[PDB]
Amino acid sequence: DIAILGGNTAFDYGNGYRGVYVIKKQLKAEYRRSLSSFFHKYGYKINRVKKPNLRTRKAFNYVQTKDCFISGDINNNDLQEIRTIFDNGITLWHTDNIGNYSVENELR
Amino acid sequence: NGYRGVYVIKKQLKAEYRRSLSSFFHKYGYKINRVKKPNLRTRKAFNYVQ
Amino acid sequence: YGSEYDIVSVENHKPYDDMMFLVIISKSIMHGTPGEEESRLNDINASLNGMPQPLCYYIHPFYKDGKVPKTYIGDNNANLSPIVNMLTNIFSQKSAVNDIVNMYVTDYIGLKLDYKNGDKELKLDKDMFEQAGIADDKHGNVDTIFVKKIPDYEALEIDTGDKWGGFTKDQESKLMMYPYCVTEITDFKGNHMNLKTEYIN
Amino acid sequence: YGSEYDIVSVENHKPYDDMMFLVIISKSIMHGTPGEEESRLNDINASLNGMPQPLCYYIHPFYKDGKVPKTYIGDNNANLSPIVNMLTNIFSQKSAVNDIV
Amino acid sequence: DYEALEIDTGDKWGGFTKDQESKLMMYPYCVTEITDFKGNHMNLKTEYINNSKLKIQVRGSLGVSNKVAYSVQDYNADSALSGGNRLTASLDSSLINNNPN
């Protein structure tokens, strides 16, 4: 409202606030480094029942399951151990430079 | 009573808690929560690593 | 993910860009028009403006330096007064100030207008608006705009481009999701809204 | 880290330092200006002040002891009255305290 | 048009006692408060002021009653963010002194 002969319109217009603003925000460098490095090594939280990603990345694939199903012609002791190994989480390397986490490890 | 303009008030924790936290940091460094290579020999006297 | 965000991009969009509207509301008709059958001053005039309603609306476009866009109503130049002169003269007429009920400014009046911001040129539909001369014959003349009718309001779309524009893309794409990133929309006048960008379909 | 902070540093900053402004708003013109011309008393005067608006604004700089800064407007000394005198004067005239908003 | 005035208060770490453990300079162990002692205040995490100095921008008006804003435009600003953009975005983190006075 403007006086005739509800809020301070002069302050807003006089200082250039009109229309709509889009402000984009992201987390600080410190937490970007922290989380990025974690995701790089251990992928993402998934919480899906599906077949696991074993060799979808160029350098390594981390895999952790819960109560996984694995079959095959294998004596049952060894089969039980293999289920256990993926239930504890494991990294499957696809190159001979095992343990070098510096690489990009892009898809395919 | 002389209140005009803007005031900048700077605050810090009390001596008791400064002593407390400083001594903890001195011996055990900082919480890091990063996947990286560890600092093994960056300080003159000792490096804590977990 | 820490306790604060970096502000990484700031953009502003105004419905009519540099143009704002002044709105004046009165209890009755304050103006003459070129080629009107008879005088209508101080007549009650109800009209469709969003809904049926009994007040008289006048509007006046303006720029922050006090200038006003060349405005056409149909084929005719409305010869708008500059906003400051208009205000002075409008409030100088003792008959017009008794009618005036309210006045405010707004960024958007509910219409997409035929408006060229660069050329500073506004074209209005003559079925919705008309030339409004407010005369005293003691104080200077005012040329402004009378709202005949606006039955329905309409939405105007603003395209800000790629919704991921402005964010720095990390190799780990999950750092583009909320809560690591957010798009905030605000008018800096107490209203704001945090959007999870990934959910803008 | 405990339940309270120590206050360890206090500073104050004022935009115009020792100077403050009194602002007076009226419905119409209350003043004469050097080099008039015709009287404008009680004329409506709209202006750009942040935005277009119809009121008349007067301002008057002052210090807490009631003195006022030597003020120039362009090349000319404004010869400001002391703030107290100005107040006494504006409100002494019914012609008009009714204009004052 | 109204315009902003800048107040340079100097080194943003000035006044704090520096401990040997630099993390004791971060929030929540340290904080910078900006207040007008008239009901408006804002706690700043000093480390997130993107500038070596603490600079405050003042904005105001000449409307129907008092309104002054105190901003720290560098607060939470990305380094690549322009001064104009910083100032613009700073309003929702500002001391809004709107006591009518």
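For the structure itself, look to the data block above.
Described below are features of the structure shown in this document. (Residues numbered from 1 in each chain as written, not as in the entry; some residues may be left out. Chains lettered and ligands numbered in written order. Part of a larger assembly, values for the part shown. Heavy atoms only, no water.)

### Observations concerning the interface of chain D and chain C
Where interface size is given, it is often the accessible area lost as the parts come together that is meant.
Phase 1 of the analysis: Taken together, the contact pairs 8 residues of chain D with 10 residues of chain C.
Phase 2 of the analysis: For the chain D and chain C pair, buried surface summed over both sides reaches about 720 Å², with 81% attributable to carbon and sulfur atoms.
Phase 3 of the analysis: It is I44(D), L48(D) and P52(D) that lose the most area in chain D upon contact with chain C, and together they represent 62% of the buried surface on that side.
Phase 4 of the analysis: Inspection of the region where chain D meets chain C yields 1 residue pair in polar contact.
Phase 5 of the analysis: Contributing elements (two or more residues each) for the side of chain D that touches chain C: β3 (47–49) and β4 (51–53) of chain D. (Contact = heavy atoms within 4.5 Å. Buried area = accessible area lost by both parts, 1.4 Å probe. Polar contact = N/O pair within 3.5 Å; in protein donor to acceptor, adjacent residues only side chain to side chain. Helix = DSSP H or I, 4+ residues; strand = E, 2+ residues; numbered from the N terminus.)

### A look at the pairing of strand β12 (residues 142–147) of chain C
Residues and elements named next belong to chain C.
Phase 1 of the analysis: Burial analysis of β12 places 5 of its 6 residues in the buried class, the great majority of the element.
Phase 2 of the analysis: Of the pairings in the sheet, the one linking strand β5 (residues 56–62) to β12 comprises 2 bridges and is antiparallel in character. Considered in β12, the bridge of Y58 is made with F146.
Phase 3 of the analysis: With 6 bridges connecting them, strand β11 (residues 129–134) and β12 associate as antiparallel partners. By the bridge assignment for β12, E130 is matched with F146. (Buried < 20%, exposed > 50% of the residue type's maximum accessible area, 1.4 Å probe, protein only. Pairing = 2+ DSSP bridges.)

### Examining the interface of chain C and chain A
Phase 1 of the analysis: Contact residues are listed per partner, giving 49 residues for chain C and 29 residues for chain A.
Phase 2 of the analysis: For the pair chain C and chain A, the summed buried area comes to about 4100 Å², and 56% of that belongs to carbon and sulfur atoms.
Phase 3 of the analysis: Summed over the shared surface of chain C and chain A, the result is 3 salt bridges.
Phase 4 of the analysis: The salt bridge involving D6(C) is made with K28(A); its shortest N-O contact spans 2.8 Å.
Phase 5 of the analysis: On the surface where chain C and chain A come into contact, there are 25 residue pairs in polar contact.
Phase 6 of the analysis: Elements supplying a minimum of two residues to the side of chain C that touches chain A: β1 (5–13), β2 (20–26), β8 (100–106) and β13 (181–186) of chain C.
Phase 7 of the analysis: Grouping the constituent residues of the side of chain C that touches chain A by class yields 22 nonpolar, 12 polar and 15 charged.
Phase 8 of the analysis: In this structure, strand β1 (residues 20–27) of chain A lies alongside β13(C), joined through 6 bridges in antiparallel fashion. Counted as the bridge partner of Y21(A) is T186(C) from β13(C). (Salt bridge = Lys/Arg side-chain N within 4 Å of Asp/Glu carboxyl O. Nonpolar A, V, L, I, M, F, W, Y, C, P; charged D, E, K, R; others polar.)

Without other data, these values stay purely geometric and don't point to any function.
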